Participant: 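Got a structure here, written out as structure tokens. Questions coming.
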Amino acid sequence: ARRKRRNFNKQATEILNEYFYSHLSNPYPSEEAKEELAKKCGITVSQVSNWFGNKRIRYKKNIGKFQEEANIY
Amino acid sequence: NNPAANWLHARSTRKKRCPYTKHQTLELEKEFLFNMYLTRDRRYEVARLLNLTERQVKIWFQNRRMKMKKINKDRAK
DNA sequence: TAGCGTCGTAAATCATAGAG
DNA sequence: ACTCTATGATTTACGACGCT
């Protein structure tokens, strides 16, 4: 059967958000850094690239909505 | 604070994205399989036929080759 | 320089998981 | 189940750099 898209588990999201926020002034992981995140999260490098693309634009589009999340991290 | 300040930004003069139609997509896909690399003339004819600029056609083919790369990387684990 | 190639990404849009 | 909308994925359009 075809693989279905799925929301990432809480674990993967925490790892990605951790990296994103710790590099907030320039959240652009290098290819080697995307491979390691991909490993810790159990996802693919394309998926890490998609997550960062999605995160930067949505965060940039709504700074307020992502506040508080910026702090806990 | 503006933490997004140093991030990559789209130049305020970039053409706004226009999804192509099922028809334009299907026709471009068929031109792709005929020759994965366009000649100045084939590009010119496909562009006219679909009412897309030659630039848009050149870029569509470039993006299509990157999609092929993406799919093949997804397969050869 | 002109001009087409790849790589990586921005931003908009898609598809449908999943949450009420 | 049945909307909605959140989120991962895909599609246009380029900038930066390669080479001839």
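In what follows, every chain begins at residue 1, and chains take the letters A, B, ... in the order their sequences are listed. The analysis underlying the following values was restricted to heavy atoms, covering all of them including side chains, and did not include hydrogens, waters or symmetry mates.
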Participant: 5'-most contact on DNA chain D: A/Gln47 or B/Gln62, nearest heavy atom basis?
Facilitator: A/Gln47
Participant: Would you say a side-chain N or O of B/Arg65 is under 4.0 Å from OP1 or OP2 of C/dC4?
Facilitator: no
Participant: Please check if the number of heavy atoms outside A/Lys39 that lie under 6.0 Å from its NZ is greater than 12.
Facilitator: no
Participant: Do B/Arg40 and B/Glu54 meet the salt-bridge criterion of a basic N to acidic O distance under 4.0 Å?
Facilitator: no
Participant: Measure all distances between protein nitrogen or oxygen atoms and nitrogen or oxygen atoms of nucleotides 18-20 of chain C, and list the pairs falling under 3.5 Å.
Facilitator:
unit_1	atom_1	unit_2	atom_2	d
C/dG18	OP1	A/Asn7	N	3.0
C/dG18	OP2	A/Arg6	NH1	2.9

Participant: Taking the inter-plane angle between the rings of A/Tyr73 and A/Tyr21 on a 0 to 90° scale, is it parallel (under 30°), tilted (30 to 60°) or perpendicular (over 60°)?
Facilitator: parallel
Participant: What nucleotide among C/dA10, C/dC4, C/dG5 has an atom nearest to a side-chain atom of A/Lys60?
Facilitator: C/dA10
Participant: Using a distance-only test with no angle check, is there a side-chain donor-acceptor pair under 3.5 angstrom linking A/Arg5 and A/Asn7?
Facilitator: yes
Participant: Which of these nucleotides, C/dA12, C/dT16, C/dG8, is closest to any side-chain atom of A/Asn54?
Facilitator: C/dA12
Participant: Would you say A/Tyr59 reaches C/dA11's phosphate, i.e. side-chain N/O to OP1/OP2 under 4.0 Å?
Facilitator: no
Participant: Which ones in residues 10-22 of chain B lie close to DNA chain D, meaning a heavy atom under 4.0 Å from one of its atoms?
Facilitator: B/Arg11, B/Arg14, B/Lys15, B/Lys16, B/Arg17, B/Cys18, B/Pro19, B/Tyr20
Participant: Students should find this one: the first and last nucleotides of DNA chain D, 5' to 3', lying under 4.0 Å from a heavy atom of chain B. What are they?
Facilitator: D/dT11 to D/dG15
